[PDB]
Structure formats: structure tokens, C-alpha cells
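Colleague: Residue numbers (UniProt numbering), protein chains in the order written: chain A, 124 to 255; chain B, 124 to 255; chain C, 124 to 255; chain D, 30 to 133, 151 to 178, 189 to 199; chain E, 30 to 133, 151 to 178, 189 to 199; chain F, 30 to 133, 151 to 178, 189 to 199. Every residue gets a Cβ at the ideal spot worked out from N, C-alpha and C, and that includes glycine.
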Amino acid sequence: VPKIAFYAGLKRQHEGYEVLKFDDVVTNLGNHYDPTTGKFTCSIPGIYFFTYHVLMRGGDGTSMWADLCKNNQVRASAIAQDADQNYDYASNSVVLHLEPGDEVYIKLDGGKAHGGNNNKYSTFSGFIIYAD
Amino acid sequence: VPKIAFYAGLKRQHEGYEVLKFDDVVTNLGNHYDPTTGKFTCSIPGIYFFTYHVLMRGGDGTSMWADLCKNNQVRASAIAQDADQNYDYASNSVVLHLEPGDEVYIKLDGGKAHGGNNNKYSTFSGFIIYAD
Amino acid sequence: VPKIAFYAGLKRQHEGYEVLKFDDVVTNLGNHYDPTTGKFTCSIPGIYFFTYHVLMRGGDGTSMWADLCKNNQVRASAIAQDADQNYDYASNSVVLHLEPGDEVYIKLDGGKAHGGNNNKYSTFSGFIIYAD
Amino acid sequence: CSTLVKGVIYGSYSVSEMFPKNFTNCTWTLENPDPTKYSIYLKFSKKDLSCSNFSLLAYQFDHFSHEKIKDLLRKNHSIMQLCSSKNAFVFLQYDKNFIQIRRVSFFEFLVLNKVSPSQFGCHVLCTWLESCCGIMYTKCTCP
Amino acid sequence: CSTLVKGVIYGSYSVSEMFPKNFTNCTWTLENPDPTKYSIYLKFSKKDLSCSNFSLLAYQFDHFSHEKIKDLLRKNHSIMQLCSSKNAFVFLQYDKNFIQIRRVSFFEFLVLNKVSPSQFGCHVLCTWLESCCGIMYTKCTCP
Amino acid sequence: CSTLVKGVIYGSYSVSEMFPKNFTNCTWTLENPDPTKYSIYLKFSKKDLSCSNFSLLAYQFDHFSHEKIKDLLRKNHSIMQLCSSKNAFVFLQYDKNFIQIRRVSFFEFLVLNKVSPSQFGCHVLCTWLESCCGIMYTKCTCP
Ligand SMILES: [Ca+2]
Ligand SMILES: [Ca+2]
Ligand SMILES: [Ca+2]
Ligand SMILES: [Ca+2]
Ligand SMILES: [Ca+2]
Ligand SMILES: [Ca+2]
Ligand SMILES: [Ca+2]
Numbered sequence: 124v125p126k127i128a129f130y131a132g133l134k135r136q137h138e139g140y141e142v143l144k145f146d147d148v149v150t151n152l153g154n155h156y157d158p159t160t161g162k163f164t165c166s167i168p169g170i171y172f173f174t175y176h177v178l179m180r181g182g183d184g185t186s187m188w189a190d191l192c193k194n195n196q197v198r199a200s201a202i203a204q205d206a207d208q209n210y211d212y213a214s215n216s217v218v219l220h221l222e223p224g225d226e227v228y229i230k231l232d233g234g235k236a237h238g239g240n241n242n243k244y245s246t247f248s249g250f251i252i253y254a255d
Numbered sequence: 124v125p126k127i128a129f130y131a132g133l134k135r136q137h138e139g140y141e142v143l144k145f146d147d148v149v150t151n152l153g154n155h156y157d158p159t160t161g162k163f164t165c166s167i168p169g170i171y172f173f174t175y176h177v178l179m180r181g182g183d184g185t186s187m188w189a190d191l192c193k194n195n196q197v198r199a200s201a202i203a204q205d206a207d208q209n210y211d212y213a214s215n216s217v218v219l220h221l222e223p224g225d226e227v228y229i230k231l232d233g234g235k236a237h238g239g240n241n242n243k244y245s246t247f248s249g250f251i252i253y254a255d
Numbered sequence: 124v125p126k127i128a129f130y131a132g133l134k135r136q137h138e139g140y141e142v143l144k145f146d147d148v149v150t151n152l153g154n155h156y157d158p159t160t161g162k163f164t165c166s167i168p169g170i171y172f173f174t175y176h177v178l179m180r181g182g183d184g185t186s187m188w189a190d191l192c193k194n195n196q197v198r199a200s201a202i203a204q205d206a207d208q209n210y211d212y213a214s215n216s217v218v219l220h221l222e223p224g225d226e227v228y229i230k231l232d233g234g235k236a237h238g239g240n241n242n243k244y245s246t247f248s249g250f251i252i253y254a255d
Numbered sequence: 030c031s032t033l034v035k036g037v038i039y040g041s042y043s044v045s046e047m048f049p050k051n052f053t054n055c056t057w058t059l060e061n062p063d064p065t066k067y068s069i070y071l072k073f074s075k076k077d078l079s080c081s082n083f084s085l086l087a088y089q090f091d092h093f094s095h096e097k098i099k100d101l102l103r104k105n106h107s108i109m110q111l112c113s114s115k116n117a118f119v120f121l122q123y124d125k126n127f128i129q130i131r132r133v151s152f153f154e155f156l157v158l159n160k161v162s163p164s165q166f167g168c169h170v171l172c173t174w175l176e177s178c189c190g191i192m193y194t195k196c197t198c199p
Numbered sequence: 030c031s032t033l034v035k036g037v038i039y040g041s042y043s044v045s046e047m048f049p050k051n052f053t054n055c056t057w058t059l060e061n062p063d064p065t066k067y068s069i070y071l072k073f074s075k076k077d078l079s080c081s082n083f084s085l086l087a088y089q090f091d092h093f094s095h096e097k098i099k100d101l102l103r104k105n106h107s108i109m110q111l112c113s114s115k116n117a118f119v120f121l122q123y124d125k126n127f128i129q130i131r132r133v151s152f153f154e155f156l157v158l159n160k161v162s163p164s165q166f167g168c169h170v171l172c173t174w175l176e177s178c189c190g191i192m193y194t195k196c197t198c199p
Numbered sequence: 030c031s032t033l034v035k036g037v038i039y040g041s042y043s044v045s046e047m048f049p050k051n052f053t054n055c056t057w058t059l060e061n062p063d064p065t066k067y068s069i070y071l072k073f074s075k076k077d078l079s080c081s082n083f084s085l086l087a088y089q090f091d092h093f094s095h096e097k098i099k100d101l102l103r104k105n106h107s108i109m110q111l112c113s114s115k116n117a118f119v120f121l122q123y124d125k126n127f128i129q130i131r132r133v151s152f153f154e155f156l157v158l159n160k161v162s163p164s165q166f167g168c169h170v171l172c173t174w175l176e177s178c189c190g191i192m193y194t195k196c197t198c199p
């Protein structure tokens, strides 16, 4: 069986509309996630489950959108909003079908994420459930 | 051996105490989720994992309860609350044992959900982990 | 695949830097989760997925930290914060590699968790994905 | 001696009904279905209630634990003294998971919805508004 | 007869362009890409717009359902009457998933970003600020 | 030349101790364990501090990157100048992931808990309250 599963915290703060690069890689079983680019590139076709928790940076920015983007389409959207500028999460979970080359990644869509260093507040988890 | 896994966003907004019908189906392996009714009907008995993220409707309603109901009983409860009426998620995650016919569904228990068209802010994910 | 999977809600209120004991056990396949201590002790080494949702108490308490601690180290951190003292979840998901004896548990790192009785607002889910 | 009335939006109990045992040491409990959603309001009638050889202890807690009840009793800094209440009618609010009344003339409670009170629930509370005097009332307003 | 203009930050449509059909019963729709993020502002020009044999109904909804449109029309309590508007220019804000204008002289809309308006988006709205008069304007400020 | 003091609630360092190298180009770093939870307060003493042939640069950042430090230095719009500080004692608050002091008389810092300050932490800060003058003090109050 194929063993694909990863989890990585967000070591560095992000902002704007940039792909989140979760460099705090705890698990990268199969090495199908690349912290340098921040994209999970499928290699074995199959149905994968991805969950991401992205902590909105506290203090500045009352809204943050973190969309799990599959290739060039937004396959999930999460909004972390707090009018008092608190640490609310923009989290969501997806069960997507993926073909080889499909780059699944979390992209900020108009907010400032939180750089947890080694704390691993903002995370990106995901694993293959079945292989086609 | 059996491949059951679904994911669907909430195309239409909801309100009150009605079953959430996630009609934005991205994955419906086995066709064991019905967007018309909004219920995942188990057919192959086994241990299933369900996660749901339900975005509270911003602007109106300061609290929203989305309980993952198994048959006629609340197997999980999630409350999205924000006194400033923001977009907070009533998300939760369960690992339930299911027999054939057990209809697992996300049911609002107050407050108004958010309808995101194809955005898929509010989602219902779930897959079978083991079969008996 | 050996069958390890659990899910439990928070029957009793919690507070301060103490391990969360999710005693409202719904699934405890393999009996690898102990509600009396609140720790999931790995026995068969392998790659496990854990998710926890921890509702923080409304009323008293403005911020609550719930870190999924693996043995003596924080493998994920979640902060539930709301300046208006609302209900918010300190949730996060991890995909950790575990050896026999590793004790994964959710420990509050400040603030008070909500005791949901049978409601199962605050939950602790997790299952083995691969048996090494 | 412990009976718990689990599912009731409203309930009227006499002193004899809530303690239907010869032994004077009994506990009557009322479980709040969801403290995130509901706030339980208690009402005490002293029209015929007596405490010649009985102690009325009104308190709340979160989980069933005898040591917790003992520690709360030894605290004795916020436990209600129903017998030693000057006003004839006692109104109490308990936004906690459990409410227990132990024994050492009736009383009615109300499991109100905190944010969206039902038509019946707010009607009962509006009748309890006839205290006389400081009272606790919710968002829903009624003349 | 139903065309929907899905992806546009801005758009100028004449009455003839938005209803390019001989049949007088047609619907013109504008999908809000993300109501969590964007608020659609509508602008109506009555300089050459006429309603001698045409009805202009301006409304919003959340999902495509004919029964919903019929019920909203029968409600007739908040539907805008473009023809019966005293002011020459009509400014409307629609923070809902769909905007549809049905037919029973142009008009321009603006899919503005709610929290971080773009340079062009706030520039267009600042030009619409020339109403004259009560108007709805957003956080972004411009003389 | 880069040493980082990772885990310390409190720490007192002399200029010689924090830069124990003959080379004048060195960086001393202090990692904030959790900016969601802790705010690092810095204290600078100019009683015997001298800058005859040394430059004291006080700044903060989020990640280890030489290019980031160079860009911050080229910015030079909010970097603290310890040597050119009129007041004898300099109090700085740094609610960011890293604090680095580079070299081109001691100083003490405090990793305080932002929301629930410990007994020791709020005591040390209460002593630092003797600035004289504008200062930044936390929620915890002390005479
Ligand atoms: Ca988006
Ligand atoms: Ca419920
Ligand atoms: Ca939240
Ligand atoms: Ca921590
Ligand atoms: Ca919140
Ligand atoms: Ca708030
Ligand atoms: Ca507020």
C-alpha cells in the first residue's frame, strides 16, 4: 500500500495572497510535501484527506482567508474573523480526489497568518485514504 | 476494501433546526451521501470518521449550533459564537461506529449557517476508516 | 490494518495546565485511550492522526490553550481566544509518528475548558493510519 | 437516595414529591441539557414550606462527585439558605451543568433558552417577574 | 431567458445589452464571488431609461429557485422599484450571494472587497459618491 | 558569532557576557517561547555602558535570515539606538517571535505571561516601573 501522510506547522509569518509554506515539518511520510514551496504534490492517484488549521495573527488584521487550493481552483475556503483582533483559526477539512501532479496547498486569501516557530499553531495535515 | 468517503460544501444558507444539506459535493465515493436530504447513510457497517466545518452566517446571529447527529442522537456538538457577529466556525470531529442505515448528518441547533455557492466555506467531510 | 481509533467528549470542566481527560468515550477501539488519565498510549508503532476540538468556557476566561502533547513535548498548539468571552474552539489536527509507549494527550496550557456532559462539544479524536 | 429529573423545559415539584423517602437525607437533581444554550431559573415558595427538622441546601455543580459536594458545603460562602430567606419567594439563576437540592410547599424551575427563548419559556419567566427587590431577568422582555 | 455575469470586478451594461432578447420577460444576474469578502454596489442611470412598457425589478437572493423569486415578489415589501425612483441616479448595496435584475440607459456595478478594497474598486466608488441624500459608503475614504 | 538564549523566564546579562568574543561583530538572540502567550520586556542600563568603538543595535524579527536583518538595518526607521538614548534606563517591549541584539553595564529581560502573569514576572516588571516619561506596562497592576 502507498503511505502518504504529512503534517507541518507554520514556522514563519505569512501575509497577503501567498501560498503557505509550512516549514515546521513534523511528518512528511513519503516526502510528498515540500516546505520550500508549501505544496503537496500528488504522485499516486487516489482520494486524499487534507485538513489545515491556520491561526490568524493576533493584533493586526481582523480577517484572514486560508483557502485549500487544488491546482488552480479553491477546493475549500476558511475565514478567520474577529472584530477584536483575536487569535481565531481559519481551518477546514477536505476529501479531494487527486491525480498525479495535483498540487494541493493552503493559500492565504487576504490576511496575515501567524508564525508559530516550533509551536505548531497553524498546521497543514493530510493523508491518502485510498489509492485508485 | 470498501471505499466510502465524501466531502461537500454548503451551497445554500440554512437556519434554525434543519438538517444541513451540503449540496456542493466534491467527493461522494460510493454515493453514500445524499445532498438532497443531507444525510450520510451507512451501508457497510464499520468505524467511520466524520468532520464538519459549518461557517456561522456573518452579520446576523451571534451564536450557532451545528451538532453531528447520528440517527436520533447528538454524537457531537459545535457552537460558533461571536458577540460582534463575525464568521466563526461551528466545527467538530467525530469517530463513530455505524451500522447499516445509521444516518449521520449535521443539523443546525439554532442560528443561521452560511451559503457559499461553490466557495465551500462550510463543509461536511467523512470517510470509513475500518469495516467490521 | 490493526484497528485503533477513538473519540471522546469532555464530560467534566477543566482548568489550568492539566491533562484533559475526555471521559465521554464514544469509540475506544483497542482500548488505547484511557479516560481516567486522558492519554492515548500507543502500542503498535505507526503513523497516527489525532484531532482535538476543545471548547473554551463562556463567561470566565478570555483565552485558552490546548496543546496536543506527545510525551514531554508539544506537537501542536491551539489557542481559543475571544475578547468578549464567547465560546471558541482551541482545535488542531496532527499526523504524528508514534512508538509504543508514546502518550498523546491534550493538555490545557492556560484557560478553562468547557465541560459538556453528554453533549460532546470538546472532543478528542484520533486513529492509526498506518502500522509502520 | 438520588433522583435526577433529566429532560424538562419546565417542572413543578412539591417538597413531598421531590423527596419521596422517609430518610431525611436525600438529594434532588436537575440536569441542565446544555449550558451553552440554556440557563436554568429556580423559584422557591415558602407559603407552606417549613424547616422545623429539615435543612434546605440549594447549590450547583458541574460533575457528580461526593467530595465536590462536601467541599462546597464546607465552603459555605455562597450556598443558598432557603429556610433563612426573608422574602417569601426565592428566585435563583444557575447557569451551570447541574442543579441539586438536597434534604438534611412546592418549587418550580425553567430550562430557558439563553439566546432564543421560546414563547412558553419567556411567558413563565414573565410571571416570575412578580417578585414584589433585586432579580435576574433575561433578554426577552414582557410587560 | 437567464444569463449570469459571473466573474467581473466591475461592469457597465446598457439596458439593451443586459436584455438582448425580444421577449420582455428576461432575467439578468450577477453572482457575488464571495460575500464573506465582497460587497456588490449597484448604480442605476435614469438619464435615458424608460418604463413605458417595461417593469424594472431589482432584488437579491441566495440560491437559484423560481419559487423563491415568486415568494420574494409576492412579499413586495423591500423590492426596489427602479422606474418609480425619484432621484435620477439609484445607488444600491447588495451584500448577498446573488443579484438578479429581471425585465417585465445603462447601469454599472462594482464587486468591491469588503475589508481591503482595491485601488480601482475604491476609485470607482469614490466617483459614485457624487449622489447629489442618503448613501451607503465603505471603510475606504476618498475626497 | 551567534548565540541564542532559548529557555529563560528571566535573565541578566552584562555586555561582556552577552558578547564573549574578541570580534566586535556578534549577535545575541533571545527566542520568545510563545508570542501568543508571552511578551518579552527588555531593560537597558547605561550606568557604565559605553559606545566609544561599539554600536548597539536593538531590533526584533520573526525568522532567522541574514537578508532580513540586512533589509531591516537598511530600513533604519524604527531600530532602537541604545547608545544615543537620552534616558539612563531604556525600557523596550517586544511582542515578536525573536529578539536579537547585535554588536558592531548589563541588561535584563523578562518573558512575561501576557494574560496570566506569574507572581515573579509581575514582581520584576513592577520594579521596572521605576522609569523616572512614557512606558508600556501590562495588565497586571502593582504599586
Ligand atoms: Ca476565496
Ligand atoms: Ca445540542
Ligand atoms: Ca473559531
Ligand atoms: Ca504551548
Ligand atoms: Ca471568535
Ligand atoms: Ca470576538
Ligand atoms: Ca467587542
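1. Which one or two residues does DSSP pair with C192 of chain C in a beta bridge?
2. Go ahead and pull the three-state DSSP assignment for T160 of chain C.
3. With 16 as the cutoff for other CB atoms within 10 Å, does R131 of chain E come out buried or exposed?
4. Do you know offhand how far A213 of chain A's Cα is from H95 of chain D's?
5. Shorter than 7 Å, the distance from the beta carbon of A206 of chain B to the closest heavy atom of ligand 6, or not?
6. If you measure from the CB of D147 of chain B, is any heavy atom of ligand 1 nearer than 7 Å?
7. Would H220 of chain C and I251 of chain C qualify as a contact pair, given that the criterion is a beta-carbon distance under 8 Å?
8. Looking only at C-alpha atoms, which of E:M192, E:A87, E:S43 sits nearest to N105 of chain E?
9. Could you tell me which residues DSSP puts in a beta bridge with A131 of chain A?
10. Of all the residues that make up the segment 87-101 of chain D, which are near chain C by a beta-carbon distance shorter than 8 Å?
11. If we cut at 8 Å on Cβ distances, does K66 of chain D have a partner in chain B?
12. Nearest CA to the CA of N242 of chain B: which residue from A:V197, A:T185, A:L143?
13. How many whole angstroms separate the CB atoms of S43 of chain D and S151 of chain D, which I take to be in contact at a CB cut-off of 8 Å?
14. Along the chain, where does the beta strand (DSSP E) that runs through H220 of chain B open and close?
15. Looking only at its chain, what residues have a beta carbon closer than 6 Å to the beta carbon of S216 of chain A, apart from the 5 residues adjacent to it on each side?
16. Between the segment 110-119 of chain D and the segment 232-242 of chain C, do at least 3 Cβ pairs fall closer than 8 Å?
17. Taking only the alpha-carbon atoms, compute the straight-line gap between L178 of chain B and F153 of chain E and give it to the nearest angstrom.
18. Using a Cβ-Cβ cut-off of less than 8 Å, give me the residues of the segment 177-194 of chain A that come near chain E, in sequence order.
19. Is it buried or exposed for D100 of chain D, if we count other Cβ within 10 angstroms and need 16 for buried?
20. Should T160 of chain B be labelled buried (16 or more other beta-carbon atoms within 10 Å of its own) or exposed?
21. Tell me whether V197 of chain B counts as near ligand 2, meaning its Cβ is closer than 7 Å to at least one heavy atom of that ligand.
22. With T194 of chain F and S68 of chain F assumed to form a contact (beta carbons below 8 Å), what rounded beta-carbon distance in angstroms separates them?
23. Nearest to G139 of chain C by alpha carbon, out of F:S162, F:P62, F:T173?
24. What residues of chain F sit near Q136 of chain A, judged by a beta carbon separation below 7 Å?
25. Only counting the same chain, and skipping five residues up and downstream in sequence, which positions put a Cβ closer than 6 Å to that of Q204 of chain C?
26. By how many angstroms is the C-alpha of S166 of chain A removed from the C-alpha of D77 of chain E?
27. Report the neighbours of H220 of chain C on chain A: residues whose CB is nearer than 7 Å to its CB, in chain order.
28. Using a Cβ-Cβ distance cut-off of 8 Å, determine whether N126 of chain F contacts chain A.
29. Cα-Cα, which of F:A117, F:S107, F:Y70 is closest to residue 142 of chain F?
30. Report the residue ranges of all alpha helix (DSSP H) runs contained in full by the segment 39-118 of chain F; include only those spanning at least 4 residues, in chain order.
31. Measure from the alpha carbon of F83 of chain E to the alpha carbon of each residue in E:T56, E:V157, E:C189, then state which is nearest.
32. With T173 of chain F as the anchor, note down where its alpha helix (DSSP H) starts and where it stops.
33. Please decide whether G238 of chain B counts as near chain E, where near means a Cβ-Cβ distance under 8 Å.
34. Compute the minimum distance between the beta carbon of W174 of chain E and the heavy atoms of ligand 2, and state whether it is under 7 Å.
35. Is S31 of chain D helix, strand or coil by DSSP?
36. Going by DSSP, which residues form a beta bridge with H176 of chain C?
Modeller: Well, looking at it:
1. C:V197, C:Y228
2. coil
3. buried
4. 42 Å
5. yes
6. no
7. no
8. E:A87
9. A:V148, A:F247
10. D91, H92
11. yes
12. A:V197
13. 6 Å
14. 215-221
15. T174
16. no
17. 33 Å
18. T185, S186, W188
19. exposed
20. exposed
21. yes
22. 7 Å
23. F:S162
24. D91
25. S186
26. 60 Å
27. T150
28. yes
29. No coordinates are present for residue 142 of chain F, because the numbering of chain F runs from 133 directly to 151.
30. 44-47, 95-104
31. E:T56
32. 165-174
33. yes
34. no
35. strand
36. C:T246
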